[PDB]
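> What follows is a protein structure lacking sequence information:
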RNA sequence: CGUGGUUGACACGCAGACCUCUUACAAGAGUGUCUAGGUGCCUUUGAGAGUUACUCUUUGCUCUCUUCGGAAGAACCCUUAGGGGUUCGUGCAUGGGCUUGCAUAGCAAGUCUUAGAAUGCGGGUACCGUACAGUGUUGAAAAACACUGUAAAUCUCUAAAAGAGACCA
């Protein structure tokens, strides 16, 4: 159990009630983890590789993982202008992406569940939960959750966006989930679920495992934005595109704070390869291999590792990571058509 | 058409866009009318007999009438504490009451539709309408509709009670409704549906027919309350209960304004029996039979008709109206059991 | 846009733009790459009929002499040399004066400037120079010329279409 605990706890940066997590792992052989994904356009790296890492860690720990393809949820936040057909193509594209990048789907522990299909099949189960969750929460509490949409409390919220936290909270119980492994931006809704548990006096509250939000490639971008293709590495970005984006990426020398390249290495490269190799000429200290983030940050702060050397190794590593996805979308005709259609779609806020 | 227009218009006190109503009657042979009824406990007189009068008027005018048994709508407002089983029992009790009092169900123009069964059967049609209606409407607008629940905008509104106006507005289109024949307290949500039509650019807006709210038997009670059994005549109230309630009813002499008994005569006795007879001794001017409300108010204000005579004749007329319901619930075992169970239930606000 | 090479090849000066790199931009660099269009000509053209949702408005596309009497220019038929014959190229908007009420102007309305070509845009034209692929040809290269097609790749790619009201909800 302690090994399982360490593995899962490594997935998220924040864990609410770690003791409950440990008890769950000891007592339940196959805990249920989920994450919810709006098919909101081209997938950037945090959705593909970081989520693959988290999910594979969870499955290796013995957990079952439900990937929630949030198609009506995409509509409610007006993605692709609310066209369910374009949403469905986007979701199929996303599923193909996770398959190609190395999601352990074949292990039989990962299930892709579509929100519309599942809720339609069992609406009698679902909507009562939505309605009650609303009933036990006052309005301001729901508005506070709007960040799950990438929207602020000051935004003119369409009342469908007041819906949105309600069904997302309901999903936790409809899916019978034990671990809420989601981004920090989902935290407010996840907490809501525990609050609801108090109102209904349900002892077994869901765990919250909040993941780090990978910053955007430009300065001061706490999170990647699909609206700026230049700040974000997309799963199907060509090697030249990746190289250019990384080259332009913010990376002041000897400054670790807010250096998005370093977080890319920390959260993407090291968790994937377990090591990071910087290839340099003999005059430049030669090749150096880093097995921990601490070594990288130490040499970077000292100035032994200069951004000019850091970024090329970085780009090479991401290109290696992304090559299987490019190959899949090049070889598989259905994935190729899905990607063509997705790239043809205008991204809506 | 003009005869049909007069008949229908006589049903509601307010009619929005009367001209649209006239065109509707001229163009569509069978206009579809609805009203929604929360199975919220014992049926007080205005829910049974006045609605029978209105519905029979509409059907006599050739309209189709859908009686909406709003059981999820009942749950959302915590009626009977939100238990669908007591809600269903109450709804069956209401249907039995409407059958017994003389609802023209045999005519084939009145359809009792359950919110649960209908919405569950066609959720794909229903819930998108709810979601879009919410999407177009800002939150303050939804809260303003809370009166449809018997709740104020200052009440701690459960977010289910923000659901409630949206679901009710959606009902209008889900039922494909042409005439919203409902109480004045529904007006705000009814108007919402017309506003929605502008937003979706739907030319054919639903006609809005708002009924008078029958006052409670006590002074200053603009509407009957199920929380005060003494102020409300229940359809199954025994003759003695009716007599006592009418005796205690507010009825100052020569004062017409705010006099409930006169309102019952105007809205229940005349529309039912087309006349009302006050039986008096020869020394008290003998029996007098009134064919119109103007005669009633004139003689009452003059003081020729004293409350001591008005109340007995009034109670006699209500007892005559209610006797079929008492007989039904006495003879039919299923109705008898339903009434027993309903009377056993605590009314929740 | 200038300097020299009289001339041209060919060099210097000016400016910009594209491509890579020194990164985080900024900043900087690099001949790494790109930078002549004009000329003159025609062009307000009546009215009707046919051309899809049903009808109406606005068009677009087709059939008759086809506003100043539009085949402008092109090309083909012949033709003594002046010509004719044949096919095609056949667009949109405003004015200001006078005149009816408005202190005057807008605002509501009538003829006139075939259209004040008067003012604009658009398009079709033949010549020049651009490059390119072909062809001949002078040239060891560079450089030079006759012709061929273009310079906006290209086509309502309409399945006529935009609105209003009907079938009627």
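That came in fine, so what should we check first? Numbers count the residues shown, from 1 in each chain, chains lettered A, B, ... in the order given.
> Now stretch A:217-237: buried residues?
Of the residues in stretch A:217-237, A:217-218, A:221, A:223-226, A:231-237 count as buried by neighbour count, 16 or more other CB atoms under 10 Å in any protein chain shown. C-beta: built from backbone N, CA, C; applies to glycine.
> Let me fix that, I meant to ask about stretch A:117-135.
A:118, A:119, A:123, A:126, A:127, A:129, A:130, A:131, A:132, A:133, A:134, A:135.
> The fourth one: what's it in contact with?
Spelled out, it's residue A:126. Residue A:126 is in contact with A:118, A:119, A:167, A:170, A:174, counting by CB atoms under 8 Å, 6 or more residues apart in numbering or on different chains.
> Point me to the helix or strand that includes it.
helix A:123-135 (DSSP states H and E).
> Would you mind identifying the next helix or strand past that helix?
With DSSP H and E, the next secondary element past helix A:123-135 is helix A:139-144.
> which helices and strands sit right next to that following helix?
Judged by 3 or more CB pairs under 8 Å, 6 or more residues apart in numbering or on different chains; DSSP states H and E, the packing partners of helix A:139-144 are helix A:160-174, helix A:187-199, helix B:139-144.
> quick one, which of those is packed in tightest?
helix A:160-174 (a mean of 25; mean count of other CB atoms under 10 Å in any protein chain shown).
> and the next helix or strand after that helix, which strands flank it?
As assigned by DSSP H and E, the chain's next helix or strand after helix A:160-174 is strand A:179-183. When sheet partners are counted by DSSP bridges, strand A:179-183 sits next to strand A:32-37 (parallel), strand A:207-211 (parallel).
> Quick check: which of the ones you listed is nearest to residue B:297?
When the strands paired with strand A:179-183 are compared by CB to CB, strand A:32-37 sits nearest residue B:297, at 64.4 Å.
> Where does the stretch 201-349 of chain A get nearest to chain B, which residue?
Of all residues in the stretch 201-349 of chain A, the one sitting closest to chain B is residue A:348 (13.6 Å; CB to the nearest CB).
> Identify the residues contacting that residue.
By CB under 8 Å, 6+ apart, the residues touching residue A:348 are A:78, A:79, A:80, A:81.
> Surely residue A:245 is within a helix?
Yes - judged by DSSP: H, G, I helix; E, B strand; the rest coil, residue A:245 forms part of a helix.
> State the helix or strand in which residue A:309 lies.
helix A:307-331.
> Please report the distance of the residue in the stretch 101-250 of chain A that RNA strand C sits nearest to from residue A:264.
Of all residues in the stretch 101-250 of chain A, the one sitting closest to RNA strand C is residue A:248 (3.4 Å; CB to the nearest atom of the strand). To residue A:264, residue A:248 is 14 Å away according to CB to CB, to the nearest Å.
> With residue A:122 instead?
Taken as CB to CB, the span from residue A:122 to residue A:264 is 40 Å.
> do residue A:142 as well
In terms of CB to CB, residue A:142 sits 35 Å off from residue A:264.
> what's the answer for residue A:214, then?
7 Å.
> Surely residue A:26 is within a helix?
Yes - Residue A:26 sits within a helix when classified using three-state DSSP.
> For it, list the residues it contacts.
Residue A:26 is in contact with residue A:1, counting by CB under 8 Å, 6+ apart.
> rerun that using 10 Å as the cut-off
A:1, A:2, A:4, A:5 (CB atoms under 10 Å, 6 or more residues apart in numbering or on different chains).
> For chain A, which residues are neighbours of RNA strand C?
Counting by CB under 7 Å from any atom of the strand, the residues of chain A close to RNA strand C are A:219, A:247, A:248, A:249, A:250, A:251, A:252, A:253, A:306, A:307, A:308, A:311.
> How about the contacts made by the third one?
This points to residue A:248. Counting by CB under 10 Å, 6+ apart, residue A:248 touches A:217, A:218, A:230, A:231, A:311.
> does the fourth one really touch residue A:222, like I thought?
No - counting by CB atoms under 10 Å, residue A:222 is not a contact partner of residue A:231; they are 11.4 Å apart.
> which residues are in contact with both of the two?
Common neighbours of residue A:231 and residue A:222 (CB under 10 Å, 6+ apart) are A:215, A:216, A:260.
> burial of the first one, as a residue count?
So the one you mean is residue A:215. Other residues near residue A:215 come to 23 when the count uses other CB atoms under 10 Å in any protein chain shown.
> Excluding sequence neighbours, find me the nearest residue to it.
Leaving aside its sequence neighbours, residue A:215 sits nearest to residue A:260 (CB to CB, 6 or more residues apart in numbering or on different chains; 4.4 Å).
> hmm, back to that, adding mean neighbour count, write the strands paired with strand A:179-183 out as JSON lines.
Formatted as JSON lines, the strands paired with strand A:179-183 follow (neighbours: other CB atoms under 10 Å in any protein chain shown):
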{"stretch": "strand A:32-37", "mean neighbour count": "23"}
{"stretch": "strand A:207-211", "mean neighbour count": "24"}
